[PDB]
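Engineer: This is my_file_29.pdb (PDB, C-alpha atoms and all ligand atoms).
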ATOM      1  CA  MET G   1      -5.658  -9.854   4.941  1.00  0.00           C
ATOM      2  CA  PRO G   2      -2.145  -8.252   4.660  1.00  0.00           C
ATOM      3  CA  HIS G   3       0.509  -8.573   7.354  1.00  0.00           C
ATOM      4  CA  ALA G   4       3.139  -5.954   8.212  1.00  0.00           C
ATOM      5  CA  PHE G   5       6.216  -5.871   5.974  1.00  0.00           C
ATOM      6  CA  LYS G   6       8.815  -8.565   6.691  1.00  0.00           C
ATOM      7  CA  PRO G   7      12.351  -9.308   5.393  1.00  0.00           C
ATOM      8  CA  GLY G   8      12.091 -11.004   1.967  1.00  0.00           C
ATOM      9  CA  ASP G   9       8.984  -9.147   0.832  1.00  0.00           C
ATOM     10  CA  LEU G  10       9.254  -7.781  -2.753  1.00  0.00           C
ATOM     11  CA  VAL G  11       8.157  -4.222  -3.521  1.00  0.00           C
ATOM     12  CA  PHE G  12       8.473  -1.264  -5.780  1.00  0.00           C
ATOM     13  CA  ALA G  13      10.047   1.411  -3.562  1.00  0.00           C
ATOM     14  CA  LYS G  14       9.533   5.118  -4.164  1.00  0.00           C
ATOM     15  CA  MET G  15      12.239   7.744  -3.644  1.00  0.00           C
ATOM     16  CA  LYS G  16      12.111  11.420  -4.653  1.00  0.00           C
ATOM     17  CA  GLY G  17      13.221  11.951  -8.250  1.00  0.00           C
ATOM     18  CA  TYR G  18      13.195   8.255  -9.106  1.00  0.00           C
ATOM     19  CA  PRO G  19      10.471   6.052 -10.670  1.00  0.00           C
ATOM     20  CA  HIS G  20       9.031   3.346  -8.429  1.00  0.00           C
ATOM     21  CA  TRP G  21      11.962   0.923  -8.283  1.00  0.00           C
ATOM     22  CA  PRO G  22      12.157  -2.906  -7.913  1.00  0.00           C
ATOM     23  CA  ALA G  23      13.381  -3.703  -4.417  1.00  0.00           C
ATOM     24  CA  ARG G  24      13.123  -5.990  -1.417  1.00  0.00           C
ATOM     25  CA  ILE G  25      12.839  -5.670   2.349  1.00  0.00           C
ATOM     26  CA  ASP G  26      16.246  -6.815   3.603  1.00  0.00           C
ATOM     27  CA  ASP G  27      17.242  -8.553   6.810  1.00  0.00           C
ATOM     28  CA  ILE G  28      19.573  -6.741   9.189  1.00  0.00           C
ATOM     29  CA  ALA G  29      22.766  -8.775   9.597  1.00  0.00           C
ATOM     30  CA  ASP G  30      24.096  -9.373  13.095  1.00  0.00           C
ATOM     31  CA  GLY G  31      26.502  -6.518  13.822  1.00  0.00           C
ATOM     32  CA  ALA G  32      25.031  -4.376  11.025  1.00  0.00           C
ATOM     33  CA  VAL G  33      23.632  -0.821  11.163  1.00  0.00           C
ATOM     34  CA  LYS G  34      19.942  -0.831  12.087  1.00  0.00           C
ATOM     35  CA  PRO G  35      17.392   1.472  10.349  1.00  0.00           C
ATOM     36  CA  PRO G  36      15.617   4.325  12.204  1.00  0.00           C
ATOM     37  CA  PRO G  37      12.409   3.506  14.158  1.00  0.00           C
ATOM     38  CA  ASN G  38       9.482   2.695  11.826  1.00  0.00           C
ATOM     39  CA  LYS G  39      11.880   2.428   8.825  1.00  0.00           C
ATOM     40  CA  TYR G  40      12.770  -0.725   6.870  1.00  0.00           C
ATOM     41  CA  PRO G  41      16.104  -1.473   5.088  1.00  0.00           C
ATOM     42  CA  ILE G  42      15.281  -1.444   1.373  1.00  0.00           C
ATOM     43  CA  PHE G  43      17.623  -3.084  -1.072  1.00  0.00           C
ATOM     44  CA  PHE G  44      17.165  -1.775  -4.603  1.00  0.00           C
ATOM     45  CA  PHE G  45      17.676  -4.264  -7.396  1.00  0.00           C
ATOM     46  CA  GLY G  46      20.001  -3.285 -10.243  1.00  0.00           C
ATOM     47  CA  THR G  47      21.799  -0.444  -8.394  1.00  0.00           C
ATOM     48  CA  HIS G  48      22.233  -2.716  -5.367  1.00  0.00           C
ATOM     49  CA  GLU G  49      21.965   0.417  -3.135  1.00  0.00           C
ATOM     50  CA  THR G  50      20.202   0.450   0.295  1.00  0.00           C
ATOM     51  CA  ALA G  51      17.931   3.119   1.758  1.00  0.00           C
ATOM     52  CA  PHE G  52      15.652   3.340   4.767  1.00  0.00           C
ATOM     53  CA  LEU G  53      12.012   3.769   3.922  1.00  0.00           C
ATOM     54  CA  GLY G  54       8.673   3.645   5.614  1.00  0.00           C
ATOM     55  CA  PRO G  55       5.547   1.874   4.268  1.00  0.00           C
ATOM     56  CA  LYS G  56       4.157   4.989   2.580  1.00  0.00           C
ATOM     57  CA  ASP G  57       6.879   4.481  -0.051  1.00  0.00           C
ATOM     58  CA  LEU G  58       6.583   0.668  -0.386  1.00  0.00           C
ATOM     59  CA  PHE G  59       4.231  -0.917  -2.966  1.00  0.00           C
ATOM     60  CA  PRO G  60       3.837  -4.761  -2.857  1.00  0.00           C
ATOM     61  CA  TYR G  61       5.363  -6.213  -6.016  1.00  0.00           C
ATOM     62  CA  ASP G  62       2.552  -8.521  -7.090  1.00  0.00           C
ATOM     63  CA  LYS G  63      -0.201  -5.861  -6.902  1.00  0.00           C
ATOM     64  CA  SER G  64       2.008  -3.200  -8.543  1.00  0.00           C
ATOM     65  CA  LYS G  65       4.037  -4.903 -11.261  1.00  0.00           C
ATOM     66  CA  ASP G  66       1.555  -4.326 -14.083  1.00  0.00           C
ATOM     67  CA  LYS G  67       1.841  -0.581 -13.328  1.00  0.00           C
ATOM     68  CA  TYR G  68       5.501  -0.119 -12.463  1.00  0.00           C
ATOM     69  CA  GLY G  69       7.263  -3.189 -13.934  1.00  0.00           C
ATOM     70  CA  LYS G  70       8.136  -1.888 -17.405  1.00  0.00           C
ATOM     71  CA  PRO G  71      11.573  -0.862 -18.801  1.00  0.00           C
ATOM     72  CA  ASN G  72      13.123   2.442 -17.790  1.00  0.00           C
ATOM     73  CA  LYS G  73      16.071   4.426 -19.106  1.00  0.00           C
ATOM     74  CA  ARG G  74      17.469   4.921 -15.589  1.00  0.00           C
ATOM     75  CA  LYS G  75      20.833   3.343 -14.678  1.00  0.00           C
ATOM     76  CA  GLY G  76      20.344  -0.128 -13.269  1.00  0.00           C
ATOM     77  CA  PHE G  77      16.559  -0.186 -13.573  1.00  0.00           C
ATOM     78  CA  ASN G  78      16.354  -2.853 -16.313  1.00  0.00           C
ATOM     79  CA  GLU G  79      18.888  -5.009 -14.452  1.00  0.00           C
ATOM     80  CA  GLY G  80      16.702  -4.603 -11.375  1.00  0.00           C
ATOM     81  CA  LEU G  81      13.638  -5.772 -13.307  1.00  0.00           C
ATOM     82  CA  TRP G  82      15.485  -9.015 -14.203  1.00  0.00           C
ATOM     83  CA  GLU G  83      16.639  -9.598 -10.654  1.00  0.00           C
ATOM     84  CA  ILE G  84      13.222  -9.094  -8.961  1.00  0.00           C
ATOM     85  CA  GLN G  85      11.576 -11.463 -11.463  1.00  0.00           C
ATOM     86  CA  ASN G  86      14.363 -14.030 -11.762  1.00  0.00           C
ATOM     87  CA  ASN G  87      16.405 -14.261  -8.521  1.00  0.00           C
ATOM     88  CA  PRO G  88      14.885 -11.848  -5.943  1.00  0.00           C
ATOM     89  CA  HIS G  89      16.347 -13.660  -2.899  1.00  0.00           C
ATOM     90  CA  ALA G  90      19.987 -14.022  -4.061  1.00  0.00           C
ATOM     91  CA  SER G  91      23.053 -12.554  -2.470  1.00  0.00           C
ATOM     92  CA  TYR G  92      23.928  -9.514  -4.572  1.00  0.00           C
ATOM     93  CA  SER G  93      27.025  -8.888  -2.444  1.00  0.00           C
TER      94      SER G  93
HETATM   95  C1  LIG P   1      20.613   7.073  -2.113  1.00  0.00           C
HETATM   96  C2  LIG P   1      20.283   7.279  -3.565  1.00  0.00           C
HETATM   97  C3  LIG P   1      21.538   7.407  -4.409  1.00  0.00           C
HETATM   98  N1  LIG P   1      19.472   6.132  -4.039  1.00  0.00           N
HETATM   99  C4  LIG P   1      19.178   5.023  -3.322  1.00  0.00           C
HETATM  100  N2  LIG P   1      18.572   4.119  -4.049  1.00  0.00           N
HETATM  101  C5  LIG P   1      18.452   4.668  -5.329  1.00  0.00           C
HETATM  102  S1  LIG P   1      17.775   3.709  -6.543  1.00  0.00           S
HETATM  103  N3  LIG P   1      16.287   3.654  -5.998  1.00  0.00           N
HETATM  104  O1  LIG P   1      18.365   2.418  -6.411  1.00  0.00           O
HETATM  105  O2  LIG P   1      17.766   4.377  -7.804  1.00  0.00           O
HETATM  106  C6  LIG P   1      18.993   5.916  -5.298  1.00  0.00           C
END
Transcribe the structure of this file into structure tokens.

Structural biologist:
Amino acid sequence: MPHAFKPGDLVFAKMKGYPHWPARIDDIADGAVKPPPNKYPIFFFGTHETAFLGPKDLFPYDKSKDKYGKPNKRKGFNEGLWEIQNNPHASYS
């Protein structure tokens, strides 16, 4: 059975006006800005941008990759595909 989301989990993350996007649940660094209650820090591969999302917008990567893991014209999306598949746990700093 599934657990709750935890840092390091891989997802496609959905934001308004964007296709479901390769992403991970991040850790919160000591001293770093925390997300709102019930929100997770989502790091988007390719763009390397962060947003705060709740589970309604988070699709586990293994289940979803056949549906959402195909090339996209959007800026950074194809780069993000490579990262989630090839080095999803790297520092992209
Ligand atoms: C805040 C806004 C500019 N945005 C955050 N993440 C993306 S994305 N999913 O990486 O295309 C866009």

Engineer: Write out as a list in words which residues come within 9 Å of residue 81 (chain G) when counting all atoms listed in the file, dropping same-chain ones fewer than 4 positions away.

Structural biologist: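 My reading of the contact set: residues 21, 22, 45, 46, 69, 70, 71, 76, 77, 85 and 86 of chain G.
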
Engineer: Please dump the current selection as a JSON list (two decimals), in the frame of the given file; keep C-alpha atoms.

Structural biologist:
[["chain", "number", "residue", "atom", "x", "y", "z"],
["G", 21, "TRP", "CA", 11.96, 0.92, -8.28],
["G", 22, "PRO", "CA", 12.16, -2.91, -7.91],
["G", 45, "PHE", "CA", 17.68, -4.26, -7.40],
["G", 46, "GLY", "CA", 20.00, -3.28, -10.24],
["G", 69, "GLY", "CA", 7.26, -3.19, -13.93],
["G", 70, "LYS", "CA", 8.14, -1.89, -17.40],
["G", 71, "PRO", "CA", 11.57, -0.86, -18.80],
["G", 76, "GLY", "CA", 20.34, -0.13, -13.27],
["G", 77, "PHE", "CA", 16.56, -0.19, -13.57],
["G", 85, "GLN", "CA", 11.58, -11.46, -11.46],
["G", 86, "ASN", "CA", 14.36, -14.03, -11.76]]

Engineer: Throw together the list of residues within 12 Å of ligand LIG 1 (chain P), counting all atoms listed in the file, and drop it here as a PyMOL selection string.

Structural biologist: chain G and resi 11-24+41-53+57-58+72-81

Engineer: From the set G:93, G:88, G:38, G:10, which residue has the shortest atom-to-atom contact distance to residue 65 (chain G), counting all atoms listed in the file?

Structural biologist: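 Answer, going by the shortest atom-to-atom distance: G:10.
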
Engineer: What's the separation between CA of residue 27 (chain G) and CA of residue 8 (chain G), in Å to one decimal place?

Structural biologist: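 Taking CA of residue 27 (chain G) and CA of residue 8 (chain G), their separation equals 7.5 Å.
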
Engineer: To one decimal place in Å, what is the distance between CA of residue 56 (chain G) and CA of residue 32 (chain G)?

Structural biologist: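 That distance, rounded to one decimal, is 24.4 Å.
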
Engineer: Hey, can you check how far CA of residue 55 (chain G) sits from CA of residue 40 (chain G)?

Structural biologist: 8.1 Å

Engineer: Which is closer to residue 37 (chain G) than all the others in G:54, G:90, G:61, G:3, using only C-alpha atoms?

Structural biologist: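 Among the listed residues, the smallest separation from residue 37 (chain G) belongs to G:54.
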
Engineer: Starting from the sparse input, extend region 38-66 of chain G to N, CA and C atoms and give the output as a PDB file, in the coordinates of the input.

Structural biologist:
ATOM      1  N   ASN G  38      10.561   2.719  12.802  1.00  0.00           N
ATOM      2  CA  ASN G  38       9.482   2.695  11.826  1.00  0.00           C
ATOM      3  C   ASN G  38       9.982   2.671  10.378  1.00  0.00           C
ATOM      4  N   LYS G  39      11.305   2.538  10.164  1.00  0.00           N
ATOM      5  CA  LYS G  39      11.880   2.428   8.825  1.00  0.00           C
ATOM      6  C   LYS G  39      12.330   0.981   8.567  1.00  0.00           C
ATOM      7  N   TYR G  40      12.344   0.610   7.281  1.00  0.00           N
ATOM      8  CA  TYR G  40      12.770  -0.725   6.870  1.00  0.00           C
ATOM      9  C   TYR G  40      14.030  -0.565   6.030  1.00  0.00           C
ATOM     10  N   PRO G  41      14.968  -1.549   6.011  1.00  0.00           N
ATOM     11  CA  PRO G  41      16.104  -1.473   5.088  1.00  0.00           C
ATOM     12  C   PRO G  41      15.654  -1.964   3.713  1.00  0.00           C
ATOM     13  N   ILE G  42      15.756  -1.097   2.712  1.00  0.00           N
ATOM     14  CA  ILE G  42      15.281  -1.444   1.373  1.00  0.00           C
ATOM     15  C   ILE G  42      16.491  -1.660   0.476  1.00  0.00           C
ATOM     16  N   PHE G  43      16.556  -2.856  -0.123  1.00  0.00           N
ATOM     17  CA  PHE G  43      17.623  -3.084  -1.072  1.00  0.00           C
ATOM     18  C   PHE G  43      17.055  -2.951  -2.476  1.00  0.00           C
ATOM     19  N   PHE G  44      17.683  -2.086  -3.273  1.00  0.00           N
ATOM     20  CA  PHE G  44      17.165  -1.775  -4.603  1.00  0.00           C
ATOM     21  C   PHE G  44      17.898  -2.693  -5.574  1.00  0.00           C
ATOM     22  N   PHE G  45      17.106  -3.430  -6.357  1.00  0.00           N
ATOM     23  CA  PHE G  45      17.676  -4.264  -7.396  1.00  0.00           C
ATOM     24  C   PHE G  45      18.305  -3.403  -8.498  1.00  0.00           C
ATOM     25  N   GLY G  46      19.295  -3.978  -9.175  1.00  0.00           N
ATOM     26  CA  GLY G  46      20.001  -3.285 -10.243  1.00  0.00           C
ATOM     27  C   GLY G  46      21.119  -2.395  -9.702  1.00  0.00           C
ATOM     28  N   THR G  47      20.779  -1.313  -8.982  1.00  0.00           N
ATOM     29  CA  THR G  47      21.799  -0.444  -8.394  1.00  0.00           C
ATOM     30  C   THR G  47      22.489  -1.123  -7.209  1.00  0.00           C
ATOM     31  N   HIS G  48      21.741  -2.000  -6.536  1.00  0.00           N
ATOM     32  CA  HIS G  48      22.233  -2.716  -5.367  1.00  0.00           C
ATOM     33  C   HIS G  48      22.520  -1.753  -4.220  1.00  0.00           C
ATOM     34  N   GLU G  49      21.871  -0.578  -4.206  1.00  0.00           N
ATOM     35  CA  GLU G  49      21.965   0.417  -3.135  1.00  0.00           C
ATOM     36  C   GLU G  49      20.888   0.188  -2.070  1.00  0.00           C
ATOM     37  N   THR G  50      21.139   0.609  -0.808  1.00  0.00           N
ATOM     38  CA  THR G  50      20.202   0.450   0.295  1.00  0.00           C
ATOM     39  C   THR G  50      19.729   1.842   0.712  1.00  0.00           C
ATOM     40  N   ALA G  51      18.445   1.948   1.064  1.00  0.00           N
ATOM     41  CA  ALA G  51      17.931   3.119   1.758  1.00  0.00           C
ATOM     42  C   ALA G  51      16.913   2.679   2.794  1.00  0.00           C
ATOM     43  N   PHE G  52      16.599   3.605   3.707  1.00  0.00           N
ATOM     44  CA  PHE G  52      15.652   3.340   4.767  1.00  0.00           C
ATOM     45  C   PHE G  52      14.357   4.047   4.446  1.00  0.00           C
ATOM     46  N   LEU G  53      13.287   3.243   4.340  1.00  0.00           N
ATOM     47  CA  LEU G  53      12.012   3.769   3.922  1.00  0.00           C
ATOM     48  C   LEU G  53      10.916   3.260   4.847  1.00  0.00           C
ATOM     49  N   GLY G  54       9.867   4.073   4.933  1.00  0.00           N
ATOM     50  CA  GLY G  54       8.673   3.645   5.614  1.00  0.00           C
ATOM     51  C   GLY G  54       7.637   3.173   4.589  1.00  0.00           C
ATOM     52  N   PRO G  55       6.561   2.522   5.095  1.00  0.00           N
ATOM     53  CA  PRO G  55       5.547   1.874   4.268  1.00  0.00           C
ATOM     54  C   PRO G  55       4.868   2.791   3.253  1.00  0.00           C
ATOM     55  N   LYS G  56       4.796   4.099   3.552  1.00  0.00           N
ATOM     56  CA  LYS G  56       4.157   4.989   2.580  1.00  0.00           C
ATOM     57  C   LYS G  56       4.838   4.899   1.205  1.00  0.00           C
ATOM     58  N   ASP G  57       6.099   4.447   1.166  1.00  0.00           N
ATOM     59  CA  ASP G  57       6.879   4.481  -0.051  1.00  0.00           C
ATOM     60  C   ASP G  57       7.055   3.062  -0.613  1.00  0.00           C
ATOM     61  N   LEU G  58       6.346   2.084  -0.030  1.00  0.00           N
ATOM     62  CA  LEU G  58       6.583   0.668  -0.386  1.00  0.00           C
ATOM     63  C   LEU G  58       5.313   0.072  -0.999  1.00  0.00           C
ATOM     64  N   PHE G  59       5.397  -0.387  -2.253  1.00  0.00           N
ATOM     65  CA  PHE G  59       4.231  -0.917  -2.966  1.00  0.00           C
ATOM     66  C   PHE G  59       4.428  -2.408  -3.210  1.00  0.00           C
ATOM     67  N   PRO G  60       3.588  -3.317  -2.673  1.00  0.00           N
ATOM     68  CA  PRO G  60       3.837  -4.761  -2.857  1.00  0.00           C
ATOM     69  C   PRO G  60       3.935  -5.158  -4.329  1.00  0.00           C
ATOM     70  N   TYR G  61       4.923  -5.996  -4.651  1.00  0.00           N
ATOM     71  CA  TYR G  61       5.363  -6.213  -6.016  1.00  0.00           C
ATOM     72  C   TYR G  61       4.269  -6.876  -6.859  1.00  0.00           C
ATOM     73  N   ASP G  62       3.549  -7.843  -6.280  1.00  0.00           N
ATOM     74  CA  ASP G  62       2.552  -8.521  -7.090  1.00  0.00           C
ATOM     75  C   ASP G  62       1.443  -7.577  -7.541  1.00  0.00           C
ATOM     76  N   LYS G  63       0.817  -6.868  -6.591  1.00  0.00           N
ATOM     77  CA  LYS G  63      -0.201  -5.861  -6.902  1.00  0.00           C
ATOM     78  C   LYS G  63       0.277  -4.826  -7.933  1.00  0.00           C
ATOM     79  N   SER G  64       1.554  -4.417  -7.873  1.00  0.00           N
ATOM     80  CA  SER G  64       2.008  -3.200  -8.543  1.00  0.00           C
ATOM     81  C   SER G  64       2.755  -3.438  -9.855  1.00  0.00           C
ATOM     82  N   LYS G  65       3.059  -4.696 -10.204  1.00  0.00           N
ATOM     83  CA  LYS G  65       4.037  -4.903 -11.261  1.00  0.00           C
ATOM     84  C   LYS G  65       3.489  -4.569 -12.645  1.00  0.00           C
ATOM     85  N   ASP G  66       2.175  -4.735 -12.827  1.00  0.00           N
ATOM     86  CA  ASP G  66       1.555  -4.326 -14.083  1.00  0.00           C
ATOM     87  C   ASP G  66       1.722  -2.816 -14.305  1.00  0.00           C
TER      88      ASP G  66
END
